[PDB]
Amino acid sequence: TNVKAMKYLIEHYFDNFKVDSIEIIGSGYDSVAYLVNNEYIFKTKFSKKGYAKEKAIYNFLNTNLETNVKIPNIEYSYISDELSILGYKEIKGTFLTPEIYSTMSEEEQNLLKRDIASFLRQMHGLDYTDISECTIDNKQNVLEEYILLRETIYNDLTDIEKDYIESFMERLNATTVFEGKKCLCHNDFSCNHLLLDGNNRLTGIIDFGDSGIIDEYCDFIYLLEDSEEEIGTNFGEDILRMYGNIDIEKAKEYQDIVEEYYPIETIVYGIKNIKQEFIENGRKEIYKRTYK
């Protein structure tokens, strides 16, 4: 019953809000999300690594997007250094999964793909001046993360681990995939964030918590992912073709680079948050990838 505490905080911070019911519907490792009154999502976090940007982004998009695809619309927010809460009406629907996709008719699949493409085209096309502050430079961030590695645990890594990192840094230095179009991206655009209605059409998109002005290629990273969690490379390829005017080969390169980085990102997260578990997981993942 983290629930009782959160109920207290909600009713305390939002003057006239009454919690008749509240259950946990999702949990990150940093955050917890709650379904309140079978109607409202409350996303909450205990510590500037908070929800101010995410709020600015919903507000920018609800103002500027013209689409029937629903996104969170923030009605309640409390933002402080130690605690952030965002409340919005739950988008209703079913989350896309590989299993579900595989039961869809070819036409249903095509329409879903089209809807996705169309959403991304609209969002990426937005004049982002009003949120110009929300920029993200992935290359620079990785360079800074590498420095942090060097200043902390690098020297205690194994040769195999070092070689995996250095081989990645060499690739990062040689790639051209950061030199293209920048635009506003969702930046965590995977199928556990996509909602379907009863006709298997795209009805909503959630979790713009990593969104920012970044490489156009970023929003295809999970659509191109080949894994148990995602639909598959062909799904992303097809979506890229529908989206148009984008170098597919570079999109795939970008995805492949971000996937190579994942275990390192996992390690860095563990260092930054003082969680050994993640440091260990990421190093182990390097070995699993090395021996594939």
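Rigid core here is just the name for the largest C-alpha set that superposes within 1.5 Å across the two forms. Quick note: we count residues from 1 along the sequence shown, nothing fancier.
Per-stretch RMS Cα distance to the displayed form in 7 other deposited structures of this protein, following rigid core alignment, is highest for 25 to 33 when 25 to 33 and 227 to 235 are compared. Taking the rigid core as the alignment reference, the C-alpha atoms of 142 to 150 lie farther on average from the displayed form in 7 other deposited structures of this protein than those of the other stretch among 142 to 150 and 117 to 125. Compared with the other entries of this protein, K48 is frequently left unbuilt, missing from a third or more of those that build its neighbours. In the deposited sequence, the stretch from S47 to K48 hides 1 to 3 residues that have no coordinates.
Between 154 to 162 and 212 to 220, the higher mean Cα B-factor belongs to 154 to 162. A summary of the deposited B-factors shows that, of 25 to 33 and 230 to 238, the stretch with the larger mean C-alpha value is 25 to 33.
Of the residues listed, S102, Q122, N187, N110, the entry assigns the biggest Cα temperature factor to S102. Per the PDB record, residue ranking by Cα B-factor puts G93 in the middle third of the chain. Placement of the Cα temperature factor of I116 within the chain: lowest third of the modelled residues, per the deposited record. Ranked by Cα temperature factor within the chain, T266 sits in the middle third according to the deposited record. Annotation for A251: C-alpha temperature factor in the lowest third relative to the rest of the modelled chain, per the entry. Among all modelled residues in its chain, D207 ranks in the lowest third by Cα B-factor.
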